[PDB]
Structure formats: C-alpha cells, structure tokens
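Worksheet: the structure to be examined is printed underneath.
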Amino acid sequence: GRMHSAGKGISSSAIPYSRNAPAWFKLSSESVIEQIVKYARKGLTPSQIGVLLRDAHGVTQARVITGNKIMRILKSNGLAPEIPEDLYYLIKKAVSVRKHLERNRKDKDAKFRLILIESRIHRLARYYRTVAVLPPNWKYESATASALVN
Amino acid sequence: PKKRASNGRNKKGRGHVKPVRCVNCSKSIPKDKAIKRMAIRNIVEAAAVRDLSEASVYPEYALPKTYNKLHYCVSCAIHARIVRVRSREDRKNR
Amino acid sequence: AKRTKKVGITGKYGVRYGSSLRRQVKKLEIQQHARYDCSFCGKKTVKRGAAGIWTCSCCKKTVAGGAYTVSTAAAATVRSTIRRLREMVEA
Amino acid sequence: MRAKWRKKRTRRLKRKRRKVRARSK
Amino acid sequence: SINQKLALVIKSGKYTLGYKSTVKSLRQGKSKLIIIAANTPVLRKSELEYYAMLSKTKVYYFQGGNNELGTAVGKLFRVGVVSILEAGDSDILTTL
Amino acid sequence: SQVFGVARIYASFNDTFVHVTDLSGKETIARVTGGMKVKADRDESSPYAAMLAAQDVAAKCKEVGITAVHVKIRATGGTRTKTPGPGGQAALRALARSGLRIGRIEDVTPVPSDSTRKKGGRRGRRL
Amino acid sequence: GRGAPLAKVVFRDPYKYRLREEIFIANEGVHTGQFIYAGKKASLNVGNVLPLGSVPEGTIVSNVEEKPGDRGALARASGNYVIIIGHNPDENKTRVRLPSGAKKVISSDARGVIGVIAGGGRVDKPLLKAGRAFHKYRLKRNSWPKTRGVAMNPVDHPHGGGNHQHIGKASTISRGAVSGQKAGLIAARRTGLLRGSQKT
Amino acid sequence: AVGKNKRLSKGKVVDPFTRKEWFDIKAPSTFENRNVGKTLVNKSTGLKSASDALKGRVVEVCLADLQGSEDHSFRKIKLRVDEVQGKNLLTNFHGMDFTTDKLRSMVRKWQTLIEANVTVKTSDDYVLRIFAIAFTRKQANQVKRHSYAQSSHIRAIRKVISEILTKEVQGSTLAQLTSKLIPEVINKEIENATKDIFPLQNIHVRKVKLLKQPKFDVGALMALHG
RNA sequence: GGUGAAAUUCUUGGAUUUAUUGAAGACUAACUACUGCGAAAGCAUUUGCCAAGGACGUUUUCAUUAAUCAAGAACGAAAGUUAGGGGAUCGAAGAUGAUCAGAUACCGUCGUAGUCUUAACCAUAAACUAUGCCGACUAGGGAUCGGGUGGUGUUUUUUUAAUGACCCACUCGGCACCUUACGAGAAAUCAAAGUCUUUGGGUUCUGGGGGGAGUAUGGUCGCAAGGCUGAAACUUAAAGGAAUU
C-alpha cells in the first residue's frame, strides 16, 4: 500500500459484527441527529463530529445509531461543505508547503513532497469530477489554492 | 563469484557511511568496512613496574593505561598479521 | 507567443556584445526591471528608479537597496546579525 | 586495456575527430 | 486556530470589511472585536485603538499583512482591519 | 621537601625528545634528545638511543637542582600516528633508574576532534 | 558621479529655532520618513550613528570616521562595510576590519552608521557598450578613453616607440622613482596571475 | 646525526642557570595543602626584571596533591600566576581538566554519551564555560546489553544538566565555585534531578575553563592567600 | 625533518621542542553497533524557528477513488563549468629529491586548479542487494529498532501514587540474522533466486555468440567537457559462467 511512500504497515479500525448496536445505548435516533448538526454548525468536519461523538457520547458509529452516515446527514440538513473534506485538507497541506517553499527555496525535500501532494490532489480531484461532486471544469490552481481553503 | 553475504563489511540498510583512514598506510576506507582493534595496553612496557615503584613518589597507585582505537585497511591488516585468511567453513565463523 | 526562445529581454543588443555578456546582463536586468511590493502596504508596486533607489507609485515610500535588487542577500544577513546582536545586548 | 583507459583514448580520439570536423563544416 | 476561528465567524456571524466601515461600526457601538493586520499604517492603527478604547471594545493583532488578513477572512483582496459585528456560531469573542 | 618538574617525553618515529621542564612550563632544562647520541640516522628513535639521551637529562637536572619530575609522555599526535614511539617507554626507565624519582605519568598526545586531513590520499601510502 | 544613493536627514538645532538639513549616505533598509537616532545613547538599529566605542563586537558599520570629528572617512562606497573586531577598555581603541581587508585601530569616539551602504553589487553587470562607460565617466572626470603607452611615440610615453609594440624595459617601477619614470607597476612586490591565497 | 649537519651557522659560554633564581609557588585557600612547588626565573635585572617575566604564568597541578586525598587524582587543577610577593608567587584558579586516562576510561561502547556545556558569568564577573558528561548505565536485572537512549531523554537530561549548572554558578563567586567542585556536590545534584528520566552513571563535570577575567582587584587575591 | 635505506628542505638569522595567547578555514572522532531515517544520492556537536514523513493506537470519515507504466517531469555521490566570497590541511598539473638499465610511476619535500559556501549548469558510477514494482501462500529459532497491550512483576522519587527506566508474555511494521532444504538453480547459493514441462496473479524495462562498437553518421540537450537515441561494412569458432584435480 502507501500510494506515495514505501511503507506497508497495516492499521485501521475493526468495526463489530453487530449491525444493531451497542444495545446498552439508550438515547433516541433524533437526539443524536440534532447533536450531529449542532457540531456541524460550529465548523466541525464530519471526521471530528464522529470522533467527538465516539469518545464523549455513547455513539459507537453514527451508521447503526442513525439510518444514514454523518456526511449523509449533513447534506440532508443543509450543512454540506462545497468541497470534499479530504480534498480540503490536501489543498490546505499543499499551500502550507508552498508557503514554506516561498521563503526557504533551497529545500529540495519539500519540493519533492509538494509534487507528491499536488499529484495526490489531482488524482483525488479526477475521481470527484467523475463521480459528479465537483464542477466538471474544476481545477487545482496554485495561486487560487490559498483562497479555496478560505 | 560471490564470497560473503556482507559484501564489503557490515552494511545492510544504510547505503553509505562516512569513511575513515587507516593508521598504517593512510588508506581511505568505509567506517564499517574498516577492521577496528582496541588497545588497552599500559603506559609502561612489559614488566619494569617494579623499577618504577621504587622510584615512585606517593604510594604508587597511579599505573596509567593508554586507550586507543586503531582502524586498519584490508591490505595492512593482512600484512601486519592482525587479520588472517581462513577456509570457507571457517569464513562463516564470527 | 515566445518571440525569443532563449534571448529573452536582451534581444535589443542583437548579435553583438557576446552571448556570455548578454546572458549576464539578462540575468541582472530581469531583476532590475522586475516589479516588487511595498512592505508598508503590500501592493506589488515597488519599481526601480535610479541606482540603489526603489520608489513606488501608490504608497510613495522610497527604499534604499541594491543596484538591481530591492533587497540584497548580504544586506539581509547583516540586518539579521544586527538584530541578533541588539537582542543579545539589550536583554 | 582497462575500460577507463580505453574510453579515455576513444574520447580523446573523438575530440580530435571533432576538431578536424570543425575546420571543414 | 485564529484562521479557523475567523473563517467560522465569516461563515456564520455578521462581519464588515475595510477601515471606514470599521470606524463606522466603532462609532455606532455595534462592534465587539476588531482585528488589525500588522501591516496597516501606524497612524490608522492608533486611531483604531483610540476608537476601540472610547467604545469599550477588544483589539487583536493579526501577525501578517493585508494579503494574509484577507486570505484568512476568505477574500481575494487586501483587508487592513476587520470588525466583528456578531460572533454568530463561533467563539472568537469569548476566547482568545 | 622535594622540588618537582615535568619530563615531556615526546616519543615518535625517527626521533625522540626528552625535555625536562619546571612546574610552570616556561623554564627549560636539559633539552637533550636521542638524535645527538647515535651515528646511524635510523636508530634515533631506537630504544638503545633513548636510554643514552635520558642518561644526560637526569644528570643535568640533578646538577641544576631538580630531584624529581612529573612525566607527560606524548606522541606525534595530530592526524599522523596517535601511538607512542618505540623508545618513549625506554626513556622513562632510563631517568627513573638514574636516581631521579618520577610520579603522575600522563598521556598528553594531541587527539583531534576531526580536524584537517591526513596525508596519503584516498588510496594510501602504496609501497 | 557616485553609485551610492544619498538620504536627506534633517534634524533640529538645539541652540536655535531652526531646522538643520544633513546629507547622509543612504544605507540598505533605510526608507523615507524614518527616524534616525544619532548619538551615543541610541539603540543598535539600522541607520543609527552610534560611536564604535559603545557597540558589541562583530558589529557591521558604515561611514566610519578615522578620527573623532571627521564626519565620514571610511566605508563610503556602495556595498561596503566595516567589521568591529574588538575594543580595548584602557586607552580606548576599537579594532576594525576594513573593506580592503586591512586591520585598523581607531579611537572609540568615532561615529559610524549601522548598516550596509545601499547600491551593493553595483559592479556585477558589464557596461556592454562604450556609451555606458562614456556616460559613467563624464559625470566623474576626464579619464576616458585611456590610450595605451605602448602604442605611443617614445617622447609621449616611456613605453612607446620602436618598430613593434613592446615595453622594452621592465614594467615594474621602484617606489623611489622621480615623476616621469612611474609608468606601469609602482613598487610591485609580485607580478603575474594571483594564484592561491593572498596571505593577507 | 652529530656528524651530518653541513651548514651550522649561516651568519658567519657561561652556564645559563647561574642567573636564575628559585621561586616558591602558593595556591588559593580553597586547596588545603598550598605547597605547590618551585620554578626557575631569570634574575631581576634593570631591563626586564623578574616580576614582569613571571607575572604571566599558568602552572598545572593535580587536585589530589592539593587536597592530600587520592580520590581527586583524575582531576588536575590549573592555577594561573598573576602577582608576586618577594620570592613567593601567588596564583588563582584558571581551569579544571579531566585527565586523559579517566576520560577515555569512562568512555566505553554499548552506552550513550550525554554531554552538555553552559556559558555562565559568576558574581565576580568571571565568564566561565562549564562542561559536563554523563553515561547511560545498565540497570540491575536488565539482560539487554546495549542500554541506549531514545534521543528524547538525552535532550531532557541535557536541559536539566544545563539548568542545574546555571543555577549553582549564577549566584556564587569563583572562590565559592572552586569550593563547590571539590566536594563534587554538583554531581549529586544532577543525579538527584535526572534520576526520573534515565538511570545514568559516571556523572561528572569535565572542564571549568576560563574565558574572561575581570579587573585585577589585588584586594581579592590578598583575601585568597591569608 | 622524513624513508626499507637516503636525499631535497628547515637550522647562531635559534630550526625542532616547551609555555602564555591570537587569527583563518575545514571537520563532527572516541560514544559508532550484522543500529536509525530518507524515493535514491545521502544524512552524526548544541540550541531556536519553518514545514514534512514512516510506523503504531482508533467501534472517526470518504469510498473503489487502485497497482504497473511509452511520452513527460522532480531529485540525483564525486569530478567538471560560469560569476563572487573564502582558501587553513589534503592535493589532477607542475617543480625537485631519490630507487631503478631506463622511472616525468610507486616513496620524500613543496605546490596551482580543486577540496568549503552563494547563484546558475553538468543528468554520469561497481548510482550493486550486479536481484524492478504491487499482491497471496509456504520450515523453524533467537536477537534488535519504533509503536501498542497485559502481567499486585523488578527498580526509581516522598520506603510505598503516578510517570519514567528495566523483566516476562503477546501483537504490527522494520534493518537484518542463525539452523535446515519441502522447493529452485549449471553450480556457487537462495525464506526467495521457492509456489516454472503438474509450465497462466497484475504490470514496466532489457538481452539473442565473441569483436568491430557504444564506434561512424543523422537528430537532440549542454558554455564546454559530455549526456540520450544509435548502425553498417568487415573478421572470428569460439568467447563467457560456476565448480573439480
């Protein structure tokens, strides 16, 4: 694995077999849904909403507690970001290296990493354009990348 | 044909190390490739301590020892008899 | 449309003065005629005036610097050393 | 000959051929 | 972070951009916090602090320039000072 | 009740130095060496010549007034040998056996912290 | 006639109600509207004119005075600076490395401008055509074009004359030579290409 | 080579130890047995004199001789002559240096060498660069024979070592510092403060070399040599 | 001073050596390892700042967005080139001392370019693990690096809480290693170089006897040195690989 590196480590989450869980949960489906949008209203990305609901609340995963997923709930209630979250962080990282490479120009390691990040962004953007998430004419512009991250 | 699994000497996973210089003929050799022998010999020669002790101020108790690490090239180590050739079976011995 | 592929700015000299001298004067003239930005305003408006003088058209603040560069690397290192010495002595 | 010395010899010979070449072309 | 907090405020609460609008907000007392970039003229900054002290508001300094302040806000142009009319869904008023 | 000095026995190849010095280090007594006793130019650093050289350094010091000295045996140091000379240990025994008591032997050979370069090239002193 | 830009810094006369205008050589980083603090108790800032007797070692200075009350002696060319090496408490004297590379010892009450003279790197672009050189020298003096002495008549130059173009005698001229024979290298200790370190 | 020199004098008798006088050295009151030794010097003449030529001198002695005991042999104290009193030159503390035998003895392999230094000025305006050394140790019941560190404990102990040295030097004079290094109490302080990060062993301070000397102050010297 | 031995060379103008310092540049011993990181080249003093990366932990999120690659692009040891700074040791050239029948080679003493750095080029190596990348399975054993888990485990501060450092057991990713040879190979040898005449997991590149020859020419890149692509005529029955005596 490791699309852009030589690593081969395996590490992920092992979800339980119980699609109806965690039994001891007692809160209602609507109670967690309004909690999801409340956390989404304060700028939290879907990953952080799940992280906060998993360690602070009794919500193991928002798929078995609710009828849909976190991003699905956000889109339904109207709190869906314009650009995908994973692409948003990738572009945010890309402009960080560009900011680093605009002052310390002699960093060839950053240049190689910047090319890897830009290639990763383009590959992810191609899938999103194909899946009809981004505009068909969407492109990664280095000058406009900083403005896209807002 | 191939002779040793470690081709030059003790280098698997690095690719390059800072070289060192031989103490005998000043030959440039990789630090791993160099054969190192540590010298723990006393500052005085063999015996002669009893001569020093009689002419020693304070109750002796000094007996200093010099410590030095010596790096030898392959040509010099074999020539100086420090490192000698072995049979194929004895080659694998560490 | 890339009228000149390698000559660049110094196509005025033509075929005279030698390729090496043309390359050096091109390298320095690119920075001499480049447009810089004010550190007092941020707009890219700093342009070269006379030798060592860099004046602008929006903020009108003039800076003394290099003959062809708005900030010499040696000057930047000297300023950094001066700031370090001042911080060490005034602490 | 060694590979280095043979390559150096043919490189010097190539330099001489190119120097002769520059006189006509 | 401060950039994320400003972006959240721009997305949710009421914000105004520029110097004259900031002065007007300070005059009308509809302002709570003002953020001034480290590149604005010192005279303008000092007058902004005077208005802020007269109106009992909060002053924050953005450690960049007008370009950086505009980028953090989420605008292409240059912003020298941003006045925060309403916090909205963020917490930049209560914290920092 | 015993005045003290310093031996500074410089031990190297092709030469050997025994230079008795007072406690401070400015004074110099009996700088005789092993090269002014031998007539071969190959035994100047030999142990047989260091003993002869140190036999005079222990007599001039005694005549001067020095009865005991400290010992700081050193080598060429730098980036050349870093090992004591063949006759350095013989010179120490020579003045010890001449009635001059010694004490507090020290090794003061200059070890470098990776300074400059060593003569010989990258292919060594091919002989 | 000078490659270093000038800065017009005006002060206030402490004894009379009148504005004094002073002409200072502009340093790198100095901008219009900047406040320059000239004196002894100032701060170590670019453009300040503190004396060399109250600055830490390693200080980069410009417009260094050879003696107190000189108003600018050393480091007055573009891109040049003077390095502070050390100070002597007793018999106050500051040691300075000059742009030439010659060690100097001056008084501790010699004022110097902090920073690097503007216009640095001026001599890095060939004059390309004779017109640029002519314009540069017209504003300076009548020293261009220069005619070689070996192409002259024997009466108009010692090196001239003969059926060929050769000096004839040695180009090196002794220091104790009268006016007229000093045409070439004056007191040249060494000649030829300078290969290796200069042993400065 | 007694008969190989060709050019002995390119230009074209009395024994020199008759014009030399013995001078007895003395040490600070920090060291118990002052009793330093004797040194030669040219006789006092009207051109150069003996005081001027003896004013600048640094004599190196061993701490074991000064203190009488034997557990300070590996530490040699360097004393600098700076003033005389009529055939008894008086010295002052100039530096401390760990002998080559000891330094190369504690330095072994299969262990981590922790080193640090600090530039600190004392109360009497003596700018001092103080070095310290430390080696990781194999704790009891451990079977792994490398006892290495993770380069983060090294930085932590280096920070603790630096602040400990700064604390015990800033707030004391040169005489107090000299009276502090001899009992080796600084080593106890370090082993008390860096014992919760990594065991360590052979905690020592390497060099206390001098960098800047303040005004001569002949008054302090007379207090040193009572 | 140096060498197997000598000599050039330095020495009443004090060489060499010792003691107190100062300046300049280079470098990062000992600690330094069948040890770590990085795509490779490569990277070893301390501190501060900047961004980046692998592994681990995860009941967090997207969801097949993936693997290999013509063309194309980034980095790319040393040496070399352009213009400054720097220039202490070593040191292509060169000058001498020898040895030798001859020695402009090995050895000795000097010594320019270079070795360091800034900005722009050069795109090469035994750049090797001579072994392309991704994925699956297959004999055991121990040590070690990074993360995690458990054991009233041991030690540590205030004997005894935490934490940290160690012991034992387990787990994931590593640099690797020891013994066997199911299996493979011409053999040397290999946990892959195995699961290939019981021949088929996906993909890229290269080779068709030895010379001529990586030469000639034609393109292409480069300031140059040189890099990439790249023959033919002609000649030969042999070269070449692993092992045995």
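For neighbour counting, all protein chains shown are included, and Cβ atoms are generated from backbone atoms with ideal geometry for every residue, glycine included. Where a number appears in this text, it was derived from the coordinates with a stated rule and is not lab data.
In degrees from 0 to 90, rounded to the nearest 10, what is the angle of the helix A:46-55 Cα long axis to the longest principal axis of chain A? In chain A, helix A:46-55 runs at an angle near 50 degrees to the longest axis. Taken over chain E, the convex hull of the Cα atoms encloses 81 Å³ per residue. Rounded to the nearest 10 degrees, the inclination of helix C:73-90 to the longest alpha-carbon principal axis of chain C is 0 degrees.
Taking the charge dipole of segment A:81-150 about its Cα centre, with +1 at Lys and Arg Cβ atoms and -1 at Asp and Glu Cβ atoms, the residue from A:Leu116, A:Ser142, A:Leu87 reaching farthest to the positive side is A:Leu116. Placing unit charges on the Cβ atoms only, positive for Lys and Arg and negative for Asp and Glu, gives segment A:26-80 a dipole magnitude near 120 debye about its Cα centre. For the protein assembly as shown, the dipole from Cβ point charges (+1 on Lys and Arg, -1 on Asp and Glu) about the Cα centre works out to 9000 debye, to the nearest 20.
In plain terms, the residue of A:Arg120, C:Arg84 with the fewest other Cβ atoms within 10 Å comes first and the most crowded comes last, giving C:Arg84, A:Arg120. Between the amide H of B:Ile35 and those of B:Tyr72, distances stay under 5 Å, these residues lying 5 or more places away or on another chain, with hydrogens modeled in the peptide plane. For the protein assembly as shown, taking Cα atoms only, Rg and Dmax work out to 39.6, 118 Å respectively. Taking the helices alone, the protein assembly as shown has a mean residue ellipticity at 222 nm of -8500 deg cm²/dmol, built from -39,500 (n - 2.57) per DSSP H run of at least 4 residues and averaged over all its residues. Measuring between alpha carbons in the structure, the pairs from H:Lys26/H:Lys215; B:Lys3/B:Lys36; B:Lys65/H:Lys38; B:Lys69/F:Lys118; B:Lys11/B:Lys92 lying more than 23 angstrom apart are B:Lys65/H:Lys38. Close amide H contacts of H:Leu128 (hydrogens built in the peptide plane, cut-off under 5 Å, sequence separation of 5 or more or a different chain): H:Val120, H:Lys121, H:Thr122. Close amide H partners of H:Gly37, meaning residues 5 or more places away or on another chain with modelled amide H under 5 Å apart, are H:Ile25. When you count the other C-beta atoms within 10 angstrom of each residue and take the mean per peptide, H:76-82, A:11-17 line up highest first as H:76-82, A:11-17.
Measuring between their Cα centroids, segment B:15-56 and segment E:3-54 lie 73 Å from each other.
Per residue of peptide B:65-74, the mean number of Cβ atoms on other chains within 10 Å of the residue Cβ is 4.
By how many degrees, 0 to 90 and rounded to 10, does the Cα axis of helix F:47-64 deviate from the longest principal axis of chain F? Long axis of F:47-64 versus the principal axis of chain F: about 40 degrees. Note on chain G: the C-alpha convex hull projects to 17.5 nm² when averaged across all orientations. For chain F, a crude dipole built from +1 on the beta carbon of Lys and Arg and -1 on the beta carbon of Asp and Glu, taken about the Cα centre, is about 700 debye to the nearest 20.
Counting neighbouring beta carbons within 10 Å and listing from fewest to most, the residues H:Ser123, E:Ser90 come out as H:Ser123, E:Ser90.
Taking other C-beta atoms within 10 angstrom as a stand-in for reagent exposure, C:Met88, H:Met106 fall in the order C:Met88, H:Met106, fewest first. Counting, for every residue in C:19-27, the Cβ atoms of other protein chains within 10 Å of its Cβ and taking the mean gives 2. Shielding by partners for peptide C:56-67, expressed as the average number of C-beta atoms from other protein chains within 10 Å of each residue's C-beta, is 6. Once the Cβ-Cβ distance between G:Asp109 and H:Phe216 is put in as r, and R0 is 41 Å, what FRET efficiency do you end up with, to the nearest 0.05? In this case the efficiency is close to 0.95. In terms of the mean number of neighbouring beta-carbon atoms within 10 Å, the peptides E:81-87, G:92-98 order highest first as E:81-87, G:92-98. Can you find, among H:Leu181, E:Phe62, A:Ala125, the residue sitting farthest towards the positive end of the charge dipole of the protein assembly as shown, where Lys and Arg contribute +1 and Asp and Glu -1 at Cβ? Value: A:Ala125. For chain A, the calculated P(r) over all alpha carbon pairs, in 5 Å bins from 0 to the bin holding the longest distance, is 2, 8, 14, 15, 15, 15, 13, 9, 5, 2, 1, 0 percent. Farthest towards the positive end of the charge dipole of the protein assembly as shown, among the residues C:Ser19, H:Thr112, A:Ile15, is the Cα of C:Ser19, using unit charges on the Cβ of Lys, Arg, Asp and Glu.
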